[PDB]
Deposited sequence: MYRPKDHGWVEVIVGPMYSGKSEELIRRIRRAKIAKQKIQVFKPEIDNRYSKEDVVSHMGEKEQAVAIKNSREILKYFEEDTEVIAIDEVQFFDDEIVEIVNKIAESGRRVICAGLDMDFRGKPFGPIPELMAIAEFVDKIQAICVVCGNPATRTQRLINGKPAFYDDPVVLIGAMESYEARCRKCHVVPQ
């Protein structure tokens, strides 16, 4: 599988602190050891993980800029914090994969309300590889799959726009008052 000049899209998703950046960095370093030219992208320049490690990346204001900074020489494209890019990133990523290159996307699957977040849903449907990873619930210790938003130390309301903190929780402990 994965023969040369055959492209695909792989996605890494989960709540905050699930380890998306850590994993993205892991795959980035492996590609480099494999001697494959790779370009890393992040929104508005290093991709950093809460656990320590970091990798050089090119910050970009929007999805379109990917094609602008894209060098035909690169074999692997890595994109972090994907939940913030507009929906055009989907066709852009699909196009890169169709061109015979590998695209690695990492990002939140849901927002603090537990609702499908941005492009990730569509990216998961079209990607050849999907890895949904879990964090640990700071409340009970079981695997956390939701990001809990807190204001003054208490759960934020559903219809609450954007003193405030975030933490990973499981479905049971995640609280979203509406």
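Unmodelled regions of the deposited chain sequence (numbering from residue 1, in sequence order): 1, 46-52, 171-175.
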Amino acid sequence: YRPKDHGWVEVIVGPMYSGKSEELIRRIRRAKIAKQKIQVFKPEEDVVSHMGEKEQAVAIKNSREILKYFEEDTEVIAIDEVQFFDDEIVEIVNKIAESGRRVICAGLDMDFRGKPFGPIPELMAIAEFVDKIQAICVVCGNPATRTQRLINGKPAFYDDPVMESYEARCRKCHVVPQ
From here on, numbers count along this sequence of modelled residues.
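Higher average CA B factor: 139-147, of the stretches 139-147 and 125-133. Once the C-alpha B-factors are averaged per stretch, 50-58 and 23-31 rank with 50-58 first. In the deposited coordinates, the residue among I12, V9, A156, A168 with the greatest CA B-factor is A156. For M110, the recorded CA temperature factor ranks within the lowest third of the chain's modelled residues.
Ranked by C-alpha B-factor against the other modelled residues of its chain, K172 falls in the middle third.
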